[PDB]
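As stored in upload-v7.pdb (PDB, C-alpha atoms and all ligand atoms):
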ATOM      1  CA  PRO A   1     120.906  81.068 116.249  1.00  0.00           C
ATOM      2  CA  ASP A   2     120.118  79.964 112.696  1.00  0.00           C
ATOM      3  CA  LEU A   3     118.975  82.270 109.905  1.00  0.00           C
ATOM      4  CA  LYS A   4     115.163  82.206 109.611  1.00  0.00           C
ATOM      5  CA  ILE A   5     112.990  82.711 106.544  1.00  0.00           C
ATOM      6  CA  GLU A   6     109.264  83.383 106.948  1.00  0.00           C
ATOM      7  CA  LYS A   7     106.529  84.100 104.411  1.00  0.00           C
ATOM      8  CA  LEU A   8     105.133  87.641 104.726  1.00  0.00           C
ATOM      9  CA  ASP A   9     103.021  87.816 101.570  1.00  0.00           C
ATOM     10  CA  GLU A  10     102.899  86.276  98.097  1.00  0.00           C
ATOM     11  CA  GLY A  11     106.534  86.492  96.950  1.00  0.00           C
ATOM     12  CA  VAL A  12     107.652  88.427 100.028  1.00  0.00           C
ATOM     13  CA  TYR A  13     109.696  86.794 102.772  1.00  0.00           C
ATOM     14  CA  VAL A  14     111.271  88.166 105.912  1.00  0.00           C
ATOM     15  CA  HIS A  15     114.795  86.963 106.566  1.00  0.00           C
ATOM     16  CA  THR A  16     115.827  87.212 110.189  1.00  0.00           C
ATOM     17  CA  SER A  17     119.492  87.061 111.167  1.00  0.00           C
ATOM     18  CA  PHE A  18     120.911  87.479 114.655  1.00  0.00           C
ATOM     19  CA  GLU A  19     123.651  89.430 116.397  1.00  0.00           C
ATOM     20  CA  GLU A  20     124.885  88.911 119.921  1.00  0.00           C
ATOM     21  CA  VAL A  21     125.267  92.035 121.880  1.00  0.00           C
ATOM     22  CA  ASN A  22     127.705  91.051 124.553  1.00  0.00           C
ATOM     23  CA  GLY A  23     126.383  93.185 127.301  1.00  0.00           C
ATOM     24  CA  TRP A  24     122.785  92.383 126.522  1.00  0.00           C
ATOM     25  CA  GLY A  25     121.905  89.379 124.441  1.00  0.00           C
ATOM     26  CA  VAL A  26     120.777  88.371 120.984  1.00  0.00           C
ATOM     27  CA  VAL A  27     118.942  90.767 118.673  1.00  0.00           C
ATOM     28  CA  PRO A  28     116.935  89.895 115.543  1.00  0.00           C
ATOM     29  CA  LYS A  29     117.435  91.832 112.309  1.00  0.00           C
ATOM     30  CA  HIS A  30     114.800  91.708 109.559  1.00  0.00           C
ATOM     31  CA  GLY A  31     115.310  92.128 105.856  1.00  0.00           C
ATOM     32  CA  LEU A  32     113.249  90.945 102.921  1.00  0.00           C
ATOM     33  CA  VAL A  33     113.560  88.635 100.001  1.00  0.00           C
ATOM     34  CA  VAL A  34     111.267  89.827  97.260  1.00  0.00           C
ATOM     35  CA  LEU A  35     110.381  87.563  94.346  1.00  0.00           C
ATOM     36  CA  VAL A  36     109.764  89.354  91.042  1.00  0.00           C
ATOM     37  CA  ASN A  37     109.193  87.164  87.975  1.00  0.00           C
ATOM     38  CA  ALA A  38     110.642  84.127  89.753  1.00  0.00           C
ATOM     39  CA  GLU A  39     113.814  86.088  90.540  1.00  0.00           C
ATOM     40  CA  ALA A  40     115.038  87.172  93.940  1.00  0.00           C
ATOM     41  CA  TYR A  41     115.949  90.601  95.294  1.00  0.00           C
ATOM     42  CA  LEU A  42     117.482  91.060  98.730  1.00  0.00           C
ATOM     43  CA  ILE A  43     116.253  93.996 100.793  1.00  0.00           C
ATOM     44  CA  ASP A  44     119.052  94.339 103.348  1.00  0.00           C
ATOM     45  CA  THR A  45     121.712  91.678 103.744  1.00  0.00           C
ATOM     46  CA  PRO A  46     122.370  89.558 106.839  1.00  0.00           C
ATOM     47  CA  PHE A  47     125.294  90.571 109.090  1.00  0.00           C
ATOM     48  CA  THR A  48     127.647  87.821 107.991  1.00  0.00           C
ATOM     49  CA  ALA A  49     129.022  86.302 104.805  1.00  0.00           C
ATOM     50  CA  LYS A  50     127.827  82.857 105.996  1.00  0.00           C
ATOM     51  CA  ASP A  51     124.185  83.875 106.477  1.00  0.00           C
ATOM     52  CA  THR A  52     124.169  85.819 103.197  1.00  0.00           C
ATOM     53  CA  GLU A  53     125.555  82.782 101.376  1.00  0.00           C
ATOM     54  CA  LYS A  54     122.970  80.572 103.130  1.00  0.00           C
ATOM     55  CA  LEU A  55     120.059  82.879 102.196  1.00  0.00           C
ATOM     56  CA  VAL A  56     121.190  83.353  98.618  1.00  0.00           C
ATOM     57  CA  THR A  57     121.940  79.703  97.925  1.00  0.00           C
ATOM     58  CA  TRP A  58     118.632  78.778  99.580  1.00  0.00           C
ATOM     59  CA  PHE A  59     116.759  80.724  96.910  1.00  0.00           C
ATOM     60  CA  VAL A  60     119.142  80.102  93.994  1.00  0.00           C
ATOM     61  CA  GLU A  61     119.339  76.305  94.218  1.00  0.00           C
ATOM     62  CA  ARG A  62     115.518  76.085  94.158  1.00  0.00           C
ATOM     63  CA  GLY A  63     115.392  78.006  90.874  1.00  0.00           C
ATOM     64  CA  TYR A  64     115.077  81.700  91.804  1.00  0.00           C
ATOM     65  CA  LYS A  65     118.215  83.490  90.623  1.00  0.00           C
ATOM     66  CA  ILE A  66     119.479  86.348  92.801  1.00  0.00           C
ATOM     67  CA  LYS A  67     119.161  89.513  90.725  1.00  0.00           C
ATOM     68  CA  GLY A  68     120.495  91.967  93.298  1.00  0.00           C
ATOM     69  CA  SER A  69     120.511  93.411  96.799  1.00  0.00           C
ATOM     70  CA  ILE A  70     119.686  96.855  98.092  1.00  0.00           C
ATOM     71  CA  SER A  71     121.080  98.016 101.415  1.00  0.00           C
ATOM     72  CA  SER A  72     118.851 100.483 103.300  1.00  0.00           C
ATOM     73  CA  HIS A  73     121.656 102.147 105.270  1.00  0.00           C
ATOM     74  CA  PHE A  74     125.403 101.830 105.944  1.00  0.00           C
ATOM     75  CA  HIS A  75     125.280  99.945 109.288  1.00  0.00           C
ATOM     76  CA  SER A  76     126.542  96.353 109.083  1.00  0.00           C
ATOM     77  CA  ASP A  77     123.109  94.909 109.946  1.00  0.00           C
ATOM     78  CA  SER A  78     122.081  96.152 106.486  1.00  0.00           C
ATOM     79  CA  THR A  79     125.363  95.770 104.560  1.00  0.00           C
ATOM     80  CA  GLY A  80     127.210  92.793 106.072  1.00  0.00           C
ATOM     81  CA  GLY A  81     126.586  90.615 103.027  1.00  0.00           C
ATOM     82  CA  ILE A  82     127.849  93.107 100.414  1.00  0.00           C
ATOM     83  CA  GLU A  83     131.389  91.652 100.482  1.00  0.00           C
ATOM     84  CA  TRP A  84     130.137  88.118  99.708  1.00  0.00           C
ATOM     85  CA  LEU A  85     127.623  89.327  97.079  1.00  0.00           C
ATOM     86  CA  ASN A  86     130.297  91.376  95.258  1.00  0.00           C
ATOM     87  CA  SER A  87     132.733  88.454  95.487  1.00  0.00           C
ATOM     88  CA  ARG A  88     130.194  86.459  93.504  1.00  0.00           C
ATOM     89  CA  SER A  89     129.489  89.359  91.101  1.00  0.00           C
ATOM     90  CA  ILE A  90     125.888  89.618  92.324  1.00  0.00           C
ATOM     91  CA  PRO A  91     124.782  93.228  91.760  1.00  0.00           C
ATOM     92  CA  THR A  92     124.661  95.268  94.978  1.00  0.00           C
ATOM     93  CA  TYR A  93     122.979  98.636  95.347  1.00  0.00           C
ATOM     94  CA  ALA A  94     123.054 101.434  97.874  1.00  0.00           C
ATOM     95  CA  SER A  95     122.583 105.190  97.710  1.00  0.00           C
ATOM     96  CA  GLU A  96     125.554 107.522  97.114  1.00  0.00           C
ATOM     97  CA  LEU A  97     125.265 108.693 100.711  1.00  0.00           C
ATOM     98  CA  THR A  98     125.421 105.083 101.945  1.00  0.00           C
ATOM     99  CA  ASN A  99     128.483 104.310  99.787  1.00  0.00           C
ATOM    100  CA  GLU A 100     130.235 107.452 100.984  1.00  0.00           C
ATOM    101  CA  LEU A 101     129.683 106.410 104.636  1.00  0.00           C
ATOM    102  CA  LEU A 102     130.851 102.837 103.854  1.00  0.00           C
ATOM    103  CA  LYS A 103     133.997 104.253 102.206  1.00  0.00           C
ATOM    104  CA  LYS A 104     134.768 106.487 105.203  1.00  0.00           C
ATOM    105  CA  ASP A 105     134.263 103.538 107.554  1.00  0.00           C
ATOM    106  CA  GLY A 106     136.672 101.360 105.558  1.00  0.00           C
ATOM    107  CA  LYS A 107     133.884  99.064 104.353  1.00  0.00           C
ATOM    108  CA  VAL A 108     133.409  97.460 100.948  1.00  0.00           C
ATOM    109  CA  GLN A 109     130.910  99.481  98.910  1.00  0.00           C
ATOM    110  CA  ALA A 110     127.858  98.536  96.852  1.00  0.00           C
ATOM    111  CA  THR A 111     128.791  98.124  93.217  1.00  0.00           C
ATOM    112  CA  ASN A 112     125.862 100.281  92.066  1.00  0.00           C
ATOM    113  CA  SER A 113     124.682 103.585  93.525  1.00  0.00           C
ATOM    114  CA  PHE A 114     121.846 106.052  93.089  1.00  0.00           C
ATOM    115  CA  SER A 115     120.666 109.395  94.378  1.00  0.00           C
ATOM    116  CA  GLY A 116     117.477 111.442  94.422  1.00  0.00           C
ATOM    117  CA  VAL A 117     114.242 111.143  96.353  1.00  0.00           C
ATOM    118  CA  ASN A 118     112.880 108.128  94.427  1.00  0.00           C
ATOM    119  CA  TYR A 119     114.828 105.328  92.783  1.00  0.00           C
ATOM    120  CA  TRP A 120     113.128 102.405  91.040  1.00  0.00           C
ATOM    121  CA  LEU A 121     115.333  99.356  91.613  1.00  0.00           C
ATOM    122  CA  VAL A 122     112.753  97.315  89.752  1.00  0.00           C
ATOM    123  CA  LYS A 123     110.311  99.225  87.590  1.00  0.00           C
ATOM    124  CA  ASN A 124     106.816  99.229  89.159  1.00  0.00           C
ATOM    125  CA  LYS A 125     107.863  96.576  91.693  1.00  0.00           C
ATOM    126  CA  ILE A 126     110.631  97.822  93.984  1.00  0.00           C
ATOM    127  CA  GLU A 127     111.010 101.539  94.733  1.00  0.00           C
ATOM    128  CA  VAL A 128     113.617 103.129  96.994  1.00  0.00           C
ATOM    129  CA  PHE A 129     112.576 106.280  98.921  1.00  0.00           C
ATOM    130  CA  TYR A 130     114.823 108.764 100.775  1.00  0.00           C
ATOM    131  CA  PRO A 131     112.825 110.695 103.403  1.00  0.00           C
ATOM    132  CA  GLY A 132     115.879 112.582 104.577  1.00  0.00           C
ATOM    133  CA  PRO A 133     118.365 111.959 107.400  1.00  0.00           C
ATOM    134  CA  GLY A 134     117.215 110.265 110.606  1.00  0.00           C
ATOM    135  CA  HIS A 135     118.510 107.101 112.235  1.00  0.00           C
ATOM    136  CA  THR A 136     121.517 107.642 109.968  1.00  0.00           C
ATOM    137  CA  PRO A 137     122.251 110.464 107.498  1.00  0.00           C
ATOM    138  CA  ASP A 138     121.765 108.021 104.596  1.00  0.00           C
ATOM    139  CA  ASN A 139     118.737 105.928 105.620  1.00  0.00           C
ATOM    140  CA  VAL A 140     116.287 104.978 102.863  1.00  0.00           C
ATOM    141  CA  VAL A 141     113.189 102.763 102.835  1.00  0.00           C
ATOM    142  CA  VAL A 142     111.945 100.335 100.222  1.00  0.00           C
ATOM    143  CA  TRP A 143     108.355 100.355  98.900  1.00  0.00           C
ATOM    144  CA  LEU A 144     106.629  97.367  97.276  1.00  0.00           C
ATOM    145  CA  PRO A 145     103.576  98.877  95.475  1.00  0.00           C
ATOM    146  CA  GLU A 146     101.899  95.556  94.628  1.00  0.00           C
ATOM    147  CA  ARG A 147     101.604  94.369  98.216  1.00  0.00           C
ATOM    148  CA  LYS A 148     101.686  97.866  99.666  1.00  0.00           C
ATOM    149  CA  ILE A 149     104.551  96.767 101.883  1.00  0.00           C
ATOM    150  CA  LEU A 150     107.147  99.191 103.237  1.00  0.00           C
ATOM    151  CA  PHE A 151     110.549  98.047 104.497  1.00  0.00           C
ATOM    152  CA  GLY A 152     111.496 100.808 106.916  1.00  0.00           C
ATOM    153  CA  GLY A 153     114.692  99.353 108.334  1.00  0.00           C
ATOM    154  CA  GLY A 154     116.541 101.446 110.893  1.00  0.00           C
ATOM    155  CA  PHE A 155     114.512 104.618 110.283  1.00  0.00           C
ATOM    156  CA  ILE A 156     111.405 103.008 111.768  1.00  0.00           C
ATOM    157  CA  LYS A 157     112.046 103.052 115.512  1.00  0.00           C
ATOM    158  CA  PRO A 158     108.513 102.739 116.965  1.00  0.00           C
ATOM    159  CA  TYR A 159     109.494 102.069 120.601  1.00  0.00           C
ATOM    160  CA  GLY A 160     112.763 103.960 121.096  1.00  0.00           C
ATOM    161  CA  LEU A 161     115.344 105.608 118.831  1.00  0.00           C
ATOM    162  CA  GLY A 162     118.062 103.174 119.918  1.00  0.00           C
ATOM    163  CA  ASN A 163     121.652 103.809 118.844  1.00  0.00           C
ATOM    164  CA  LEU A 164     122.041 107.552 118.247  1.00  0.00           C
ATOM    165  CA  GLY A 165     125.744 107.365 117.401  1.00  0.00           C
ATOM    166  CA  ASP A 166     125.084 108.250 113.770  1.00  0.00           C
ATOM    167  CA  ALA A 167     121.596 109.797 113.976  1.00  0.00           C
ATOM    168  CA  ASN A 168     120.480 113.272 112.878  1.00  0.00           C
ATOM    169  CA  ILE A 169     118.041 114.119 115.670  1.00  0.00           C
ATOM    170  CA  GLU A 170     117.524 117.638 114.327  1.00  0.00           C
ATOM    171  CA  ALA A 171     116.240 116.422 110.943  1.00  0.00           C
ATOM    172  CA  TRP A 172     114.567 113.187 112.025  1.00  0.00           C
ATOM    173  CA  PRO A 173     111.154 114.738 112.799  1.00  0.00           C
ATOM    174  CA  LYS A 174     110.918 116.439 109.387  1.00  0.00           C
ATOM    175  CA  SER A 175     112.042 113.232 107.665  1.00  0.00           C
ATOM    176  CA  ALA A 176     109.530 111.133 109.610  1.00  0.00           C
ATOM    177  CA  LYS A 177     106.727 113.581 108.737  1.00  0.00           C
ATOM    178  CA  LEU A 178     107.656 113.277 105.066  1.00  0.00           C
ATOM    179  CA  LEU A 179     107.744 109.463 105.208  1.00  0.00           C
ATOM    180  CA  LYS A 180     104.391 109.410 107.012  1.00  0.00           C
ATOM    181  CA  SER A 181     102.707 111.671 104.439  1.00  0.00           C
ATOM    182  CA  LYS A 182     104.261 109.550 101.675  1.00  0.00           C
ATOM    183  CA  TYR A 183     103.354 106.008 102.775  1.00  0.00           C
ATOM    184  CA  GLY A 184     100.304 106.277 105.019  1.00  0.00           C
ATOM    185  CA  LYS A 185      98.886 103.916 102.384  1.00  0.00           C
ATOM    186  CA  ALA A 186     101.168 101.032 103.456  1.00  0.00           C
ATOM    187  CA  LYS A 187      99.469  97.887 104.777  1.00  0.00           C
ATOM    188  CA  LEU A 188     102.629  96.521 106.406  1.00  0.00           C
ATOM    189  CA  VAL A 189     105.717  98.300 107.675  1.00  0.00           C
ATOM    190  CA  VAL A 190     108.841  96.283 108.452  1.00  0.00           C
ATOM    191  CA  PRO A 191     111.274  97.714 111.053  1.00  0.00           C
ATOM    192  CA  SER A 192     114.809  96.344 111.457  1.00  0.00           C
ATOM    193  CA  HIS A 193     114.301  94.847 114.934  1.00  0.00           C
ATOM    194  CA  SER A 194     110.776  95.673 116.201  1.00  0.00           C
ATOM    195  CA  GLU A 195     107.707  93.653 115.103  1.00  0.00           C
ATOM    196  CA  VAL A 196     106.100  94.025 111.674  1.00  0.00           C
ATOM    197  CA  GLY A 197     103.218  96.460 111.910  1.00  0.00           C
ATOM    198  CA  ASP A 198     100.783  98.525 109.945  1.00  0.00           C
ATOM    199  CA  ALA A 199     100.996 102.167 108.899  1.00  0.00           C
ATOM    200  CA  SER A 200     100.766 103.144 112.517  1.00  0.00           C
ATOM    201  CA  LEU A 201     104.487 102.477 112.863  1.00  0.00           C
ATOM    202  CA  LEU A 202     105.024 105.632 110.830  1.00  0.00           C
ATOM    203  CA  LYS A 203     103.283 107.780 113.462  1.00  0.00           C
ATOM    204  CA  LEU A 204     104.992 106.116 116.437  1.00  0.00           C
ATOM    205  CA  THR A 205     108.348 106.736 114.756  1.00  0.00           C
ATOM    206  CA  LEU A 206     107.463 110.389 114.254  1.00  0.00           C
ATOM    207  CA  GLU A 207     106.534 110.615 117.930  1.00  0.00           C
ATOM    208  CA  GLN A 208     109.784 109.015 118.962  1.00  0.00           C
ATOM    209  CA  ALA A 209     111.738 111.319 116.661  1.00  0.00           C
ATOM    210  CA  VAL A 210     109.997 114.370 118.090  1.00  0.00           C
ATOM    211  CA  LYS A 211     110.450 113.321 121.698  1.00  0.00           C
ATOM    212  CA  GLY A 212     114.080 112.593 120.920  1.00  0.00           C
ATOM    213  CA  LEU A 213     114.740 116.097 119.660  1.00  0.00           C
ATOM    214  CA  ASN A 214     113.254 117.414 122.921  1.00  0.00           C
ATOM    215  CA  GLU A 215     116.593 116.515 124.518  1.00  0.00           C
ATOM    216  CA  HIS A 216     118.978  96.557 121.254  1.00  0.00           C
ATOM    217  CA  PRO A 217     115.598  96.914 122.957  1.00  0.00           C
ATOM    218  CA  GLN A 218     115.337  98.057 126.543  1.00  0.00           C
ATOM    219  CA  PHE A 219     112.930  95.739 128.393  1.00  0.00           C
ATOM    220  CA  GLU A 220     113.116  97.260 131.852  1.00  0.00           C
ATOM    221  CA  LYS A 221     109.802  98.716 132.907  1.00  0.00           C
TER     222      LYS A 221
HETATM  223 ZN    ZN B 301     121.513 101.372 111.873  1.00  0.00          ZN
END

What is this structure when it is put down as structure tokens?
Amino acid sequence: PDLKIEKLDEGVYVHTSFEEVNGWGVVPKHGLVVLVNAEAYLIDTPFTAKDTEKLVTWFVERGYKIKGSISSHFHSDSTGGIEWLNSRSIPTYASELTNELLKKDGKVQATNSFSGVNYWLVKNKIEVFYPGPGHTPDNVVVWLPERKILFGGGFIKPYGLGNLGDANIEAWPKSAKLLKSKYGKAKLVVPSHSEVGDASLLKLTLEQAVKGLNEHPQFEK
């Protein structure tokens, strides 16, 4: 299924790429393209080199140069395009924790890394926030202050925590509480697979996290 690009707000697009899960079916993965000063920043990179190339070239050829990409966590649904981006010397970014996990997993790393609670990828325009470990030990979210849009990625799991292989279920509630207190002001929250929502996704996630500690989508009901 082809890469999709849909307008979310002025200068904010959702890119949707797709992975086949053999024992289930096809799953959508959302990232963003954010336009700042007629220049493009990737928020998460499509699974494959081919879709990353397609996305990038799509913007570049029409006059919006790719300035960089930020990957929100180490899973390939967020980092699959880092190889291609690096091969073209397009700046790639990910936290130190994310790069360390990529290194351990024998994956190509972002060329640029950062640490701390807040990192401004683009001053006043694109902020990276680390709420603490959750869906993965390294997960971060990306805040766009001008549109009040939060890309939550894999941390935002409003309707089920999903793959717990790499999750920190002990810390996830505290992290989710922090995120919720931090970005209750968001107008839109963008999860990796679930539908774009409002700030209510922050609370649902918390609930999930909590319930989880008490111990693809699942459509059976
Ligand atoms: Zn993940």

For this session: Could I get the residue neighbourhood of ligand ZN 301 (chain B) at 8 Å, counting only C-alpha atoms and all ligand atoms, as a PyMOL selection string?
Result: chain A and resi 73-78+135-136+153-155+163+166

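Atom to atom, atom CA of residue A:65 and atom CA of residue A:42 stand 11.1 Å apart.
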
For this session: Starting from the shown file, work through the PyMOL selection byres (((chain A and resi 172) around 12) and not hetatm) and note down what comes out as a ChimeraX atom specification.
Result: /A:131-139,154-157,161,164,166-171,173-180,205-214

Go ahead and write the residues just picked, C-alpha atoms, as a tab-separated table (two decimals), keeping the file's coordinate frame.
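Once everything was written out, this is again.tsv:
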chain	number	residue	atom	x	y	z
A	131	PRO	CA	112.82	110.70	103.40
A	132	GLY	CA	115.88	112.58	104.58
A	133	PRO	CA	118.36	111.96	107.40
A	134	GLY	CA	117.22	110.26	110.61
A	135	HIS	CA	118.51	107.10	112.24
A	136	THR	CA	121.52	107.64	109.97
A	137	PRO	CA	122.25	110.46	107.50
A	138	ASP	CA	121.76	108.02	104.60
A	139	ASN	CA	118.74	105.93	105.62
A	154	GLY	CA	116.54	101.45	110.89
A	155	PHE	CA	114.51	104.62	110.28
A	156	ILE	CA	111.40	103.01	111.77
A	157	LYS	CA	112.05	103.05	115.51
A	161	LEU	CA	115.34	105.61	118.83
A	164	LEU	CA	122.04	107.55	118.25
A	166	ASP	CA	125.08	108.25	113.77
A	167	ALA	CA	121.60	109.80	113.98
A	168	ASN	CA	120.48	113.27	112.88
A	169	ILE	CA	118.04	114.12	115.67
A	170	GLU	CA	117.52	117.64	114.33
A	171	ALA	CA	116.24	116.42	110.94
A	173	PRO	CA	111.15	114.74	112.80
A	174	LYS	CA	110.92	116.44	109.39
A	175	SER	CA	112.04	113.23	107.66
A	176	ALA	CA	109.53	111.13	109.61
A	177	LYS	CA	106.73	113.58	108.74
A	178	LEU	CA	107.66	113.28	105.07
A	179	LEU	CA	107.74	109.46	105.21
A	180	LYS	CA	104.39	109.41	107.01
A	205	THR	CA	108.35	106.74	114.76
A	206	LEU	CA	107.46	110.39	114.25
A	207	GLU	CA	106.53	110.62	117.93
A	208	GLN	CA	109.78	109.02	118.96
A	209	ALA	CA	111.74	111.32	116.66
A	210	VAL	CA	110.00	114.37	118.09
A	211	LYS	CA	110.45	113.32	121.70
A	212	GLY	CA	114.08	112.59	120.92
A	213	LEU	CA	114.74	116.10	119.66
A	214	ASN	CA	113.25	117.41	122.92

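Minimum atom-to-atom distances from A:56, A:201, A:36, A:49 to residue A:121 were compared using all atoms listed in the file, and the lowest value belongs to A:36.
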
Exercise. In Å to one decimal, how far is atom CA of residue A:204 from atom CA of residue A:10?
Worked result: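 Result for atom CA of residue A:10 versus atom CA of residue A:204: 27.1 Å, one decimal.
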
For this session: Work out how far atom CA of residue A:1 is from atom CA of residue A:18, in Å to one decimal.
Result: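 Atom CA of residue A:1 lies at a distance of 6.6 Å from atom CA of residue A:18.
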
For this session: Given the file shown, determine the residues that the PyMOL selection byres (((chain A and resi 188) around 8) and not hetatm) selects; report them as a PyMOL selection string.
Result: chain A and resi 148-150+186-187+189-190+196-199

Can you tell me, as a PDB file with C-alpha atoms, keeping the file's coordinate frame, which residues sit within 12 Å of (112.4, 86.4, 110.2) in the file's frame, using all atoms listed in the file?
ATOM      1  CA  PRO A   1     120.906  81.068 116.249  1.00  0.00           C
ATOM      2  CA  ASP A   2     120.118  79.964 112.696  1.00  0.00           C
ATOM      3  CA  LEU A   3     118.975  82.270 109.905  1.00  0.00           C
ATOM      4  CA  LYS A   4     115.163  82.206 109.611  1.00  0.00           C
ATOM      5  CA  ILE A   5     112.990  82.711 106.544  1.00  0.00           C
ATOM      6  CA  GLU A   6     109.264  83.383 106.948  1.00  0.00           C
ATOM      7  CA  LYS A   7     106.529  84.100 104.411  1.00  0.00           C
ATOM      8  CA  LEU A   8     105.133  87.641 104.726  1.00  0.00           C
ATOM      9  CA  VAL A  12     107.652  88.427 100.028  1.00  0.00           C
ATOM     10  CA  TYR A  13     109.696  86.794 102.772  1.00  0.00           C
ATOM     11  CA  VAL A  14     111.271  88.166 105.912  1.00  0.00           C
ATOM     12  CA  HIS A  15     114.795  86.963 106.566  1.00  0.00           C
ATOM     13  CA  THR A  16     115.827  87.212 110.189  1.00  0.00           C
ATOM     14  CA  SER A  17     119.492  87.061 111.167  1.00  0.00           C
ATOM     15  CA  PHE A  18     120.911  87.479 114.655  1.00  0.00           C
ATOM     16  CA  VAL A  27     118.942  90.767 118.673  1.00  0.00           C
ATOM     17  CA  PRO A  28     116.935  89.895 115.543  1.00  0.00           C
ATOM     18  CA  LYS A  29     117.435  91.832 112.309  1.00  0.00           C
ATOM     19  CA  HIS A  30     114.800  91.708 109.559  1.00  0.00           C
ATOM     20  CA  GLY A  31     115.310  92.128 105.856  1.00  0.00           C
ATOM     21  CA  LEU A  32     113.249  90.945 102.921  1.00  0.00           C
ATOM     22  CA  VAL A  33     113.560  88.635 100.001  1.00  0.00           C
ATOM     23  CA  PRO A  46     122.370  89.558 106.839  1.00  0.00           C
ATOM     24  CA  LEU A  55     120.059  82.879 102.196  1.00  0.00           C
ATOM     25  CA  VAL A 190     108.841  96.283 108.452  1.00  0.00           C
ATOM     26  CA  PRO A 191     111.274  97.714 111.053  1.00  0.00           C
ATOM     27  CA  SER A 192     114.809  96.344 111.457  1.00  0.00           C
ATOM     28  CA  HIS A 193     114.301  94.847 114.934  1.00  0.00           C
ATOM     29  CA  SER A 194     110.776  95.673 116.201  1.00  0.00           C
ATOM     30  CA  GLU A 195     107.707  93.653 115.103  1.00  0.00           C
ATOM     31  CA  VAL A 196     106.100  94.025 111.674  1.00  0.00           C
TER      32      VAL A 196
END

Problem set entry | From A:141, A:110, A:126, A:60, residue lying nearest residue A:202 [only C-alpha atoms] | A:141

Starting from 4 Å padding per side, set up an axis-aligned box that covers all listed atoms of stretch 183-198 of chain A and hand over centre and edge lengths in Å, one decimal, as AutoDock Vina command-line options.
--center_x 106.8 --center_y 100.0 --center_z 109.3 --size_x 23.9 --size_y 20.6 --size_z 21.8

For this session: Tell me which protein, DNA and RNA residues are within 10 Å of residue A:11, counting all atoms listed in the file, leaving out same-chain ones fewer than 5 positions away, and put them as a ChimeraX atom specification.
Result: /A:33-40,147

For this session: Give me the residues within 6 Å of stretch 95-97 of chain A as a ChimeraX atom specification, counting only C-alpha atoms and dropping any in the same chain fewer than 2 places off.
Result: /A:99-100,113-115,138

For this session: Tell me which of A:54, A:41, A:124, A:119 sits closest to residue A:91, counting all atoms listed in the file.
Result: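 Using all atoms listed in the file, the shortest distance to residue A:91 belongs to A:41.
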
Problem set entry | 10 Å contact set for residue A:218, all atoms listed in the file, chain neighbours under 4 positions out, as a list in words |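 Within the cut-off, the hits are residues 24, 159, 160 and 162 of chain A.
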
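Shortest atom-to-atom contact with residue A:151 among A:107, A:165, A:220, A:127: A:127, counting only C-alpha atoms.
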
Exercise. Within 8 Å of residue A:45, counting all atoms listed in the file, which residues qualify if same-chain residues fewer than 4 places away don't, as a PyMOL selection string?
Worked result: chain A and resi 31+52+69-71+77-82

For this session: Choose the residue, out of A:145, A:158, A:215, A:53, that has the smallest atom-to-atom separation from residue A:183; count only C-alpha atoms.
Result: A:145

Can you fill out stretch 11-19 of chain A with N, CA, C and O atoms and hand it back as a PDB file, keeping the file's coordinate frame?
ATOM      1  N   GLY A  11     105.252  86.052  97.475  1.00  0.00           N
ATOM      2  CA  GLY A  11     106.534  86.492  96.950  1.00  0.00           C
ATOM      3  C   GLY A  11     107.266  87.522  97.800  1.00  0.00           C
ATOM      4  O   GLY A  11     108.121  88.256  97.303  1.00  0.00           O
ATOM      5  N   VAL A  12     106.930  87.582  99.084  1.00  0.00           N
ATOM      6  CA  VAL A  12     107.652  88.427 100.028  1.00  0.00           C
ATOM      7  C   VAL A  12     107.935  87.673 101.317  1.00  0.00           C
ATOM      8  O   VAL A  12     107.004  87.229 102.025  1.00  0.00           O
ATOM      9  N   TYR A  13     109.223  87.519 101.598  1.00  0.00           N
ATOM     10  CA  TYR A  13     109.696  86.794 102.772  1.00  0.00           C
ATOM     11  C   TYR A  13     110.505  87.716 103.671  1.00  0.00           C
ATOM     12  O   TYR A  13     111.197  88.617 103.201  1.00  0.00           O
ATOM     13  N   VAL A  14     110.408  87.490 104.974  1.00  0.00           N
ATOM     14  CA  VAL A  14     111.271  88.166 105.912  1.00  0.00           C
ATOM     15  C   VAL A  14     112.421  87.221 106.255  1.00  0.00           C
ATOM     16  O   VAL A  14     112.195  86.078 106.695  1.00  0.00           O
ATOM     17  N   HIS A  15     113.648  87.671 106.017  1.00  0.00           N
ATOM     18  CA  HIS A  15     114.795  86.963 106.566  1.00  0.00           C
ATOM     19  C   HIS A  15     115.189  87.599 107.883  1.00  0.00           C
ATOM     20  O   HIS A  15     115.231  88.825 108.011  1.00  0.00           O
ATOM     21  N   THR A  16     115.416  86.751 108.880  1.00  0.00           N
ATOM     22  CA  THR A  16     115.827  87.212 110.189  1.00  0.00           C
ATOM     23  C   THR A  16     117.208  86.643 110.488  1.00  0.00           C
ATOM     24  O   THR A  16     117.390  85.427 110.505  1.00  0.00           O
ATOM     25  N   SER A  17     118.185  87.517 110.699  1.00  0.00           N
ATOM     26  CA  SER A  17     119.492  87.061 111.167  1.00  0.00           C
ATOM     27  C   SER A  17     119.730  87.624 112.565  1.00  0.00           C
ATOM     28  O   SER A  17     118.950  88.445 113.047  1.00  0.00           O
ATOM     29  N   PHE A  18     120.785  87.181 113.233  1.00  0.00           N
ATOM     30  CA  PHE A  18     120.911  87.479 114.655  1.00  0.00           C
ATOM     31  C   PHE A  18     122.308  87.945 115.040  1.00  0.00           C
ATOM     32  O   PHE A  18     123.315  87.397 114.573  1.00  0.00           O
ATOM     33  N   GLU A  19     122.363  88.959 115.896  1.00  0.00           N
ATOM     34  CA  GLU A  19     123.651  89.430 116.397  1.00  0.00           C
ATOM     35  C   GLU A  19     123.645  89.341 117.912  1.00  0.00           C
ATOM     36  O   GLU A  19     122.634  89.624 118.540  1.00  0.00           O
TER      37      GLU A  19
END
